[PDB]
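Read through the structure below, which is laid out as structure tokens, and then see the notes.
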Amino acid sequence: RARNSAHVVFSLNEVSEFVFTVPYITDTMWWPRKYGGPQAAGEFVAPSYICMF
Amino acid sequence: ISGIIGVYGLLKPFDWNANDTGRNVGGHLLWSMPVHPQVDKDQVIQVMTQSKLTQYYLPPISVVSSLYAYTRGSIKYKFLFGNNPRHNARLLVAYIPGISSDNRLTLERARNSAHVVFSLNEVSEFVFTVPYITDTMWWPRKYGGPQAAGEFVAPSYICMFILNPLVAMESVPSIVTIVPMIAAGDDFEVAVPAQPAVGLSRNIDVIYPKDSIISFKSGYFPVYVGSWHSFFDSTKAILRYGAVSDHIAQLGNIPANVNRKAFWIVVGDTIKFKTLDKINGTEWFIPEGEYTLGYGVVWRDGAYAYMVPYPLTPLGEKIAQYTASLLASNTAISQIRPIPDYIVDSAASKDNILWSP
Amino acid sequence: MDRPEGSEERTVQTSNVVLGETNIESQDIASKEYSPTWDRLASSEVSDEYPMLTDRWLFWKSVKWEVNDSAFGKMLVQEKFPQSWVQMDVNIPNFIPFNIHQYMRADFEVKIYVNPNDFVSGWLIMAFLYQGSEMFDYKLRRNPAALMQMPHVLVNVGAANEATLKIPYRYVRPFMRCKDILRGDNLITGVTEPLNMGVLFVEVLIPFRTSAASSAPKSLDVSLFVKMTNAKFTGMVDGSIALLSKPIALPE
Amino acid sequence: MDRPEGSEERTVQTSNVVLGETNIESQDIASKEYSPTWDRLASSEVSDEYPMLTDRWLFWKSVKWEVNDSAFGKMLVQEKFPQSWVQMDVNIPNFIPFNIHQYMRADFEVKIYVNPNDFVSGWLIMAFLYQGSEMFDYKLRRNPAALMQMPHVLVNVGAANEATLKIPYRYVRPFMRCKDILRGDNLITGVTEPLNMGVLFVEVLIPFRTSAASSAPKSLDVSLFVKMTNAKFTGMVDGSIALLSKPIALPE
Amino acid sequence: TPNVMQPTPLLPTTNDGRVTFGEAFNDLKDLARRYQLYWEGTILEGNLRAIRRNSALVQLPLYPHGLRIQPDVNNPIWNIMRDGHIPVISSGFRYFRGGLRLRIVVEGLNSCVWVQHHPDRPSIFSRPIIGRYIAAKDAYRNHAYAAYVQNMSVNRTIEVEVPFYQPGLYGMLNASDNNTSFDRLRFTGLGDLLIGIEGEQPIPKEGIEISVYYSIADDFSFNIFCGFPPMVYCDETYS
Amino acid sequence: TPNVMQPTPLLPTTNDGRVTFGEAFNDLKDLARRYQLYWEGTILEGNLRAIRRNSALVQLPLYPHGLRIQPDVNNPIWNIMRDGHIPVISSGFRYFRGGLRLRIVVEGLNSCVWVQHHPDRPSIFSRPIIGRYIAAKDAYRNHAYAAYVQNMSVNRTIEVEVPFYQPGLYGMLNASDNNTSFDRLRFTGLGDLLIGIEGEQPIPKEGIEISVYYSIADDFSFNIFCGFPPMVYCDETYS
Amino acid sequence: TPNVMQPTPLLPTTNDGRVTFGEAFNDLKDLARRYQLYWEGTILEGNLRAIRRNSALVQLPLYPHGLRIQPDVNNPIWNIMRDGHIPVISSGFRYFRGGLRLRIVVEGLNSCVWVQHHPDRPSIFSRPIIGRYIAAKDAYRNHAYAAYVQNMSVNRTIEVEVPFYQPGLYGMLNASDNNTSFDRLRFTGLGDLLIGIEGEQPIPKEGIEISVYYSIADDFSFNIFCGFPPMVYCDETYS
């Protein structure tokens, strides 16, 4: 199911370092911080999820 | 070809009632059929006949297409409505590619394909030029020359649905007959000449797999009732094909599935002939006069088979009935003799006479 | 009418579909039509447009209103726009130009078709209200007197006439989500209503009046069409990475 | 309608006669219209033309079709064209532009007039078939499905509309005889049918449907007109040098 | 409402890409046919007259629309599938003005065969007549008629072209059969074709088989388009 | 039929002579209002928490359409005549993008007062909450939020401008109150305003009175016109 | 690694002197073949139907890759040495678009013979079928199909060219035999060829022998190269 979204396939063949620059795909322009000042009893949610298979 | 197949042909009409509280609802399927040059036999005006061939009033595009193997192009379906300004409605006619029936066909699915929405608001005529959506370039004809036991399939299916149910009034006819008409698009083409899938209705007579008894042989007709010196000293009647001696009309290949005790009947054009005294023990007697040939009994003489004439009369059918039974039991030739008599020759037939068990 | 054929009927053609009309429309636009420029500022992923699929005119619903149920204010259709999700059970279906993608945006056009006789009278009023479902006075603004002040088209039943309502995209996102993000508390991250840009209102402006005859039609069908001028999709996911919840109907 | 007078009605004027129409026609031509050039190659005698008489529009018949007799395929008129010979007994009459001359030729124009109410529905189809009486499948081609493929005009009863069918001269002679030459055997010199160029077909395309009311008209009259563009006569004889036989009707 | 009339078109798509009728295939498809189709069967000795000298064996009426179909069990090509393309093509038209090409095959003989053409002979038959059963004063070879004498030792297929000799404007096709006019006997058919054998010598025991194939010509034309008569499907010739 | 549509006009007279909206009077009349209207009442000692230090006394949700009206007998300005111009003007529109100006008056104190602004705080309240009865972790002064500290010895009216900090295209006004979404808590209000007293010293016996007036700004805009909701006449508030 | 790929060549010598394929010999050798190879055997009287009129004697499916080989002791040319060049050449390719040339030899008859071509007939047979044992409604001469009528008195070898009439992009060769699709019946073969005898007269006691030879054409092309299927050596046909 992860292959049906923005993904990358890294090879580990004599390679020790690489970077996966993830996009910013959001319904809005700016995204509220997940953690914040004590004001409410609920932590906001992140816009996306990164998974390594 | 483009000129001819452009001419509109009429298809089987249907009534469109506004008072029907069941069929006149949003979503109902009013009319549908496969999309191909030829027209589905059930969507064509038909004229059937007992023991004959069914006649189909095919449109210009269909007749021509039956002369060619493959075909392609858009098709123009003109819908004519028998309404007046008072009537009002909306129909959604669609073109579903890859489908040939309405087993899984609905309005809410037809909107997902090439379709058109016609309004019936002071409008009596419009045309829905359906596309040519195919996996291939040319498409084989649905109907063809007898060569296999299967009719090919059309590439698509056209369906007419109800969007806004027909509404009429009290002072207006609730029935609006619809007359679908077909013509070929400007991009319509016909590929390769093949065996006509149609024939003329000039003569609808045919010889089905029905055990017709073979009309003698070719070259052994026309035939007439005559005499034969080896057949009871030429006093009885047989069918000849020539005045010259040893010229008796021979029958063709009689199928081996026919009963040995069976006699025959004329199934086509026949001839008149004049012909027997009363037989012992029975009241069977034929008055001297002119009768129409109807029945007959096969007389075999080696590899050649001939035919013995019998008048078309309730009496003659029974006499030929017995004669057919006597020959089945190998009765003496002299005992079967009391077979119609030979009085004089008779008029020749136009052509080959047919027979049946 | 006056020809061997009927009168000449106007035509409207989009991708793979054709609509026919016979009379003059009644139109209006929700708000100032424009070109989205801050949407590229919400997604890093390239947007996608499917003109052949999104520009198509689709028929989604047909409602019947009879004289006995035709009263001033009678709501013939009250649904959240845009929500045209139809499936065998109450469950966006992939059977049409619909995509199971995270985010999207587009401008909409609503056409209402009604086909009455020459001898009936009545009036329908089709209006639209941007995010009316989120207003504290929603149920209070359903009355035709309030519908007259919102962007709206009028349908006359004493004339056979069509109507189109242009509804340009307006929202606070500016990308609305097609599916749910359900993991949030009521205090922070409340559940998000998928594709809820507003509420489409059709109602009875003037009670449907027919002839007193028995053989006369007492019910009339109101069919609707919807289309998208330009659609953009920026959320690419598995068709079943997120799921569709039962549409929460909101009637008064 | 909309004026102190009625609507403005179109007019068609020929020699000594005027026809009025109110709506748009439905027309078609039998075959490619032309100018006869081999006719002067058939007669040594100078041809004659009578524009003032032959160009006139004449009314010859008016048939009534009711709902009870209106069925799909119902033949309202089936006569051999051109044969417009009318006399006290069944017996060409000199009372109109008709001549008792041996040979003639001309192009014809057929106009069908029908005058229905605003509240009826039905369809008539007027077709023509060149020398259909001589075809071995004549009686088989009378069905409207076959009439649609022949040159024809359509009449709508849901609209009051006229129709004209242009029929240019086509024949094997190319001069058809007005009277008989009866002295011949069936094997050679068979009897010649005077003025038999074809068969004019009008029929019921869609059954005549009226209102269910008692005081409503259940019968409608179909009137016909015929005219000749250019006529030529080349056989000059005594009006009684040859005689007219009783027209052999040919119905199915 | 001309035969081709589209009042209000609702075309959802563009037209299909134009091919020429000869591109994805290599022949130009239009309605012209010089394809040869059959016309008759076989003859035996017992069919000919007592004095078979200068007496034709076959009297063939010349019709562009072919002969009147007659189904036999000896000949299934007429029974299971109807007559060829030509008579179904001519069924949609009214008049013709051209000549016909005749290809004739005579197989049971190695003796000379003749073929003569009688333009002015009234075509009042819809079926060929053979030998004795032919009307007298017919199937007698004439002197000053277009003819072709051919030896079967050299070639047993005769190819001739029958001309159009009618004293009229057109030629009528699809002519009725039994009871008249002056247009059905001299203006319908091109005339009659007589096929005979140069010798009076008896016919071989096995008999002779004559298959006549024909085609259209160049000076031929189907002039006026008429409606198509209802057809019969060959595919339903078993039930 | 656009919202402004005149099908057939029957105008018997000419138009009235044009004035400019500022001629027979001297101001230009258009729909823009920086007129200040009230928002809250008074507070007593018994309302504040046991430890009133860095604990705000008022939690003010920021709504362009004002607060949810609540009639009292102690406050007739809400009861005999409904809320001011601003919330009736915003009732005919759907979205806003500007900041608000707040003028705040504190009268029973001569000690320092603070005012802080919390943009990202979800606006899920339609009424201000005071002291002890305020939700915990709220009405606690934060560190890095826009604020203004003012001494009542110098001036007892605070004038500040609350900015528009929403991560969205618009700002939603006329928001429902009780049961959600993600558009009703972060996209409707500008946030919350906390008003507290610098000292933990007890409130004077007479108590303190806080009157908050507010107005629109320049970067503010009523974007989409909606229908007007049915109104109530203030003139019929006695029967 | 394309089909032709040489990673590291170790060539000790220069190349061989170039000849043209036609120099030390006088013909240009490339893969094109109009060499004619056999296709069928002989027929007797007892094979034909009771009514052998307009009934074909042979139903020949048209395949560029030849027919399915069937070894007999009466025919050693199939048994000791496998089928000719053509079907082994077509075994290394997938598609074709051309027509085929057919040379047909009929030796036991001196009577006329016909040959007809049915393009649209589904090619679902891998072996020719004769007379009575032919499926009904097949081996019935059709009317409007490409044909050629020839007298054996003039020449007893028929040479015709069967065209390519398929409603598709390609023509599939090396088609499987027994259980389907829509690509195996209308897109594989050029159709069927029917061979019959003009007369219904009985077959001579000695019987008739029909040898069908065929070749490729110019508009023919082997489009896509596939791997070669494992072959069988004819040299090992005795152990």
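Residue numbering restarts at 1 for every chain of the structure tokens, chains are lettered A, B, ... in their displayed order, and ligands are numbered from 1 as they appear.
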Return the neighbours of chain C among the residues of chain A, cut-off 12 Å, counting only C-alpha atoms, as a PyMOL selection string.
-> chain A and resi 1-7+21-36+39-49
Could you name the residues that touch region 74-80 of chain G at 9 Å or less, counting only C-alpha atoms, but leaving out those on the same chain fewer than 2 positions away, as number ranges by chain?
-> G: 41, 69-72, 82-84, 234-238
For C-alpha atoms, I'd like the residues from the last selection saved as a PDB file, in the first residue's frame.
```
ATOM      1  CA  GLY G  41      -2.981 -35.884 -50.454  1.00  0.00           C
ATOM      2  CA  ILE G  69       2.206 -32.374 -39.360  1.00  0.00           C
ATOM      3  CA  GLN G  70       0.690 -35.860 -39.412  1.00  0.00           C
ATOM      4  CA  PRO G  71       2.929 -38.839 -40.266  1.00  0.00           C
ATOM      5  CA  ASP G  72       1.576 -41.616 -42.478  1.00  0.00           C
ATOM      6  CA  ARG G  82       9.730 -33.167 -41.443  1.00  0.00           C
ATOM      7  CA  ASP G  83       7.708 -30.335 -42.995  1.00  0.00           C
ATOM      8  CA  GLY G  84       9.370 -27.933 -45.411  1.00  0.00           C
ATOM      9  CA  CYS G 234      15.581 -35.528 -39.822  1.00  0.00           C
ATOM     10  CA  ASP G 235      18.836 -37.480 -39.968  1.00  0.00           C
ATOM     11  CA  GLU G 236      17.845 -39.521 -36.899  1.00  0.00           C
ATOM     12  CA  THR G 237      14.536 -40.792 -38.287  1.00  0.00           C
ATOM     13  CA  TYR G 238      15.598 -44.462 -38.430  1.00  0.00           C
TER      14      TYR G 238
END
```
Smallest atom-to-atom distance to chain E: which of G:176, G:36, G:8, G:153, using only C-alpha atoms?
->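 Under the stated criterion, the closest residue is G:153.
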Proximity check chain E to chain G, 9 Å, nearest pairs one decimal Å, only C-alpha atoms, as JSON lines:
```
{"residue": "E:24", "atom": "CA", "partner": "G:167", "partner_atom": "CA", "distance": 8.2}
{"residue": "E:25", "atom": "CA", "partner": "G:165", "partner_atom": "CA", "distance": 6.7}
{"residue": "E:26", "atom": "CA", "partner": "G:164", "partner_atom": "CA", "distance": 8.9}
{"residue": "E:35", "atom": "CA", "partner": "G:144", "partner_atom": "CA", "distance": 7.0}
{"residue": "E:36", "atom": "CA", "partner": "G:144", "partner_atom": "CA", "distance": 8.2}
{"residue": "E:37", "atom": "CA", "partner": "G:143", "partner_atom": "CA", "distance": 6.1}
{"residue": "E:38", "atom": "CA", "partner": "G:143", "partner_atom": "CA", "distance": 8.0}
{"residue": "E:42", "atom": "CA", "partner": "G:199", "partner_atom": "CA", "distance": 8.3}
{"residue": "E:73", "atom": "CA", "partner": "G:51", "partner_atom": "CA", "distance": 8.1}
{"residue": "E:74", "atom": "CA", "partner": "G:51", "partner_atom": "CA", "distance": 6.4}
{"residue": "E:75", "atom": "CA", "partner": "G:53", "partner_atom": "CA", "distance": 6.1}
{"residue": "E:76", "atom": "CA", "partner": "G:54", "partner_atom": "CA", "distance": 6.9}
{"residue": "E:77", "atom": "CA", "partner": "G:54", "partner_atom": "CA", "distance": 6.1}
{"residue": "E:80", "atom": "CA", "partner": "G:137", "partner_atom": "CA", "distance": 8.0}
{"residue": "E:81", "atom": "CA", "partner": "G:142", "partner_atom": "CA", "distance": 7.7}
{"residue": "E:82", "atom": "CA", "partner": "G:143", "partner_atom": "CA", "distance": 8.7}
{"residue": "E:83", "atom": "CA", "partner": "G:143", "partner_atom": "CA", "distance": 7.3}
{"residue": "E:84", "atom": "CA", "partner": "G:143", "partner_atom": "CA", "distance": 4.8}
{"residue": "E:85", "atom": "CA", "partner": "G:144", "partner_atom": "CA", "distance": 5.9}
{"residue": "E:86", "atom": "CA", "partner": "G:144", "partner_atom": "CA", "distance": 8.9}
{"residue": "E:105", "atom": "CA", "partner": "G:112", "partner_atom": "CA", "distance": 8.3}
{"residue": "E:106", "atom": "CA", "partner": "G:112", "partner_atom": "CA", "distance": 8.9}
{"residue": "E:107", "atom": "CA", "partner": "G:111", "partner_atom": "CA", "distance": 6.2}
{"residue": "E:108", "atom": "CA", "partner": "G:111", "partner_atom": "CA", "distance": 7.9}
{"residue": "E:152", "atom": "CA", "partner": "G:153", "partner_atom": "CA", "distance": 8.9}
{"residue": "E:153", "atom": "CA", "partner": "G:153", "partner_atom": "CA", "distance": 7.9}
{"residue": "E:154", "atom": "CA", "partner": "G:154", "partner_atom": "CA", "distance": 7.3}
{"residue": "E:155", "atom": "CA", "partner": "G:154", "partner_atom": "CA", "distance": 6.4}
{"residue": "E:156", "atom": "CA", "partner": "G:151", "partner_atom": "CA", "distance": 6.9}
{"residue": "E:157", "atom": "CA", "partner": "G:151", "partner_atom": "CA", "distance": 7.6}
{"residue": "E:206", "atom": "CA", "partner": "G:201", "partner_atom": "CA", "distance": 7.4}
{"residue": "E:207", "atom": "CA", "partner": "G:201", "partner_atom": "CA", "distance": 8.8}
{"residue": "E:208", "atom": "CA", "partner": "G:199", "partner_atom": "CA", "distance": 9.0}
{"residue": "E:209", "atom": "CA", "partner": "G:199", "partner_atom": "CA", "distance": 6.5}
{"residue": "E:210", "atom": "CA", "partner": "G:199", "partner_atom": "CA", "distance": 8.9}
{"residue": "E:211", "atom": "CA", "partner": "G:198", "partner_atom": "CA", "distance": 7.8}
```
Only N, CA and C atoms, please: the residues just picked out, written as a CSV table (one decimal), in the first residue's frame.
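Result went into selection37.csv, see below:
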```csv
chain,number,residue,atom,x,y,z
E,24,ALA,N,-6.2,0.0,-44.8
E,24,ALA,CA,-5.9,-1.1,-43.8
E,24,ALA,C,-6.2,-2.4,-44.5
E,25,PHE,N,-6.4,-2.4,-45.8
E,25,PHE,CA,-6.8,-3.4,-46.6
E,25,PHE,C,-6.3,-2.8,-47.9
E,26,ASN,N,-6.3,-3.5,-49.0
E,26,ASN,CA,-5.7,-2.8,-50.2
E,26,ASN,C,-6.5,-2.7,-51.4
E,35,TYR,N,-17.9,-9.7,-60.0
E,35,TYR,CA,-17.8,-11.0,-59.4
E,35,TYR,C,-18.8,-12.0,-60.1
E,36,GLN,N,-18.4,-13.1,-60.5
E,36,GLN,CA,-19.2,-14.0,-61.3
E,36,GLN,C,-20.0,-15.0,-60.5
E,37,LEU,N,-21.3,-15.0,-60.6
E,37,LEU,CA,-22.2,-16.0,-59.9
E,37,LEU,C,-23.0,-16.9,-60.9
E,38,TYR,N,-23.2,-18.1,-60.4
E,38,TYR,CA,-23.9,-19.2,-61.1
E,38,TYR,C,-25.3,-18.8,-61.7
E,42,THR,N,-27.6,-28.9,-64.9
E,42,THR,CA,-27.2,-29.9,-66.0
E,42,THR,C,-28.3,-30.4,-66.9
E,73,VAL,N,-33.1,-29.9,-54.0
E,73,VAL,CA,-32.2,-30.6,-53.0
E,73,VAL,C,-31.0,-31.1,-53.8
E,74,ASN,N,-31.0,-31.0,-55.1
E,74,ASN,CA,-29.9,-31.4,-55.9
E,74,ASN,C,-28.9,-30.3,-56.0
E,75,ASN,N,-29.4,-29.1,-55.7
E,75,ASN,CA,-28.6,-27.9,-55.8
E,75,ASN,C,-28.8,-27.1,-54.5
E,76,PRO,N,-27.8,-27.3,-53.5
E,76,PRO,CA,-28.0,-26.7,-52.2
E,76,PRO,C,-27.5,-25.2,-52.2
E,77,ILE,N,-26.8,-24.8,-53.3
E,77,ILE,CA,-26.3,-23.4,-53.3
E,77,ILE,C,-27.4,-22.4,-53.4
E,80,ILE,N,-29.7,-23.4,-49.2
E,80,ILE,CA,-29.2,-23.1,-47.9
E,80,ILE,C,-28.8,-21.6,-47.8
E,81,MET,N,-28.3,-21.1,-48.9
E,81,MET,CA,-27.9,-19.7,-49.0
E,81,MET,C,-28.6,-19.1,-50.3
E,82,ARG,N,-29.2,-18.0,-50.2
E,82,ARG,CA,-30.0,-17.4,-51.3
E,82,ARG,C,-29.0,-17.0,-52.4
E,83,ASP,N,-29.6,-16.5,-53.5
E,83,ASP,CA,-28.9,-16.0,-54.7
E,83,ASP,C,-27.8,-15.0,-54.3
E,84,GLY,N,-26.8,-14.9,-55.2
E,84,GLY,CA,-25.7,-14.1,-55.0
E,84,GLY,C,-25.9,-12.6,-54.8
E,85,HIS,N,-24.8,-11.9,-54.7
E,85,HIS,CA,-24.7,-10.5,-54.5
E,85,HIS,C,-25.6,-9.7,-55.5
E,86,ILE,N,-25.3,-9.9,-56.8
E,86,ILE,CA,-25.9,-9.2,-57.9
E,86,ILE,C,-27.5,-8.9,-57.7
E,105,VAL,N,-19.7,-22.5,-68.9
E,105,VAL,CA,-18.9,-23.7,-68.8
E,105,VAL,C,-19.7,-25.0,-69.1
E,106,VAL,N,-19.2,-25.7,-70.1
E,106,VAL,CA,-19.8,-26.9,-70.6
E,106,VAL,C,-18.8,-28.1,-70.4
E,107,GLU,N,-19.2,-29.0,-69.5
E,107,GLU,CA,-18.2,-30.0,-69.1
E,107,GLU,C,-18.3,-31.5,-69.6
E,108,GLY,N,-19.5,-31.9,-69.9
E,108,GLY,CA,-19.6,-33.3,-70.3
E,108,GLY,C,-19.4,-33.6,-71.8
E,152,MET,N,-15.0,-27.3,-77.7
E,152,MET,CA,-14.7,-27.7,-76.4
E,152,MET,C,-13.4,-28.4,-76.3
E,153,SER,N,-12.8,-28.8,-77.4
E,153,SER,CA,-11.5,-29.4,-77.4
E,153,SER,C,-10.4,-28.4,-77.1
E,154,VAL,N,-10.6,-27.1,-77.4
E,154,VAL,CA,-9.7,-26.1,-77.2
E,154,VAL,C,-9.9,-25.4,-75.8
E,155,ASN,N,-11.1,-25.1,-75.5
E,155,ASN,CA,-11.5,-24.5,-74.3
E,155,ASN,C,-12.9,-24.7,-73.9
E,156,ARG,N,-13.2,-25.1,-72.7
E,156,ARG,CA,-14.6,-25.5,-72.4
E,156,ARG,C,-15.3,-24.4,-71.5
E,157,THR,N,-14.8,-23.2,-71.5
E,157,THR,CA,-15.5,-22.1,-70.9
E,157,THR,C,-15.6,-21.0,-71.9
E,206,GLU,N,-23.4,-40.1,-69.5
E,206,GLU,CA,-23.2,-39.3,-68.3
E,206,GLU,C,-23.9,-38.0,-68.3
E,207,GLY,N,-24.2,-37.5,-69.5
E,207,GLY,CA,-24.9,-36.2,-69.6
E,207,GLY,C,-23.9,-35.1,-69.6
E,208,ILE,N,-24.5,-33.9,-69.9
E,208,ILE,CA,-23.6,-32.7,-69.9
E,208,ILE,C,-24.0,-31.7,-68.8
E,209,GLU,N,-23.1,-31.0,-68.3
E,209,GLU,CA,-23.3,-30.0,-67.2
E,209,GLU,C,-22.9,-28.6,-67.7
E,210,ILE,N,-23.9,-27.7,-67.7
E,210,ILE,CA,-23.7,-26.3,-68.1
E,210,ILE,C,-23.9,-25.3,-67.0
E,211,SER,N,-22.8,-24.7,-66.6
E,211,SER,CA,-22.8,-23.7,-65.5
E,211,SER,C,-22.5,-22.3,-66.1
```
Residues of region 6-217 of chain G in strand (DSSP E or B) according to DSSP, as a ChimeraX atom specification?
-> /G:37,42-43,55-62,93,95-96,100-106,113-118,129-130,140,147-150,157-162,171-172,191-197,208-215
Please run DSSP on the backbone and report, as a list in words, all residues within region 15-186 of chain C that come out as alpha helix (DSSP H).
-> residues 51, 52, 53, 54, 144, 145, 146 and 147 of chain C
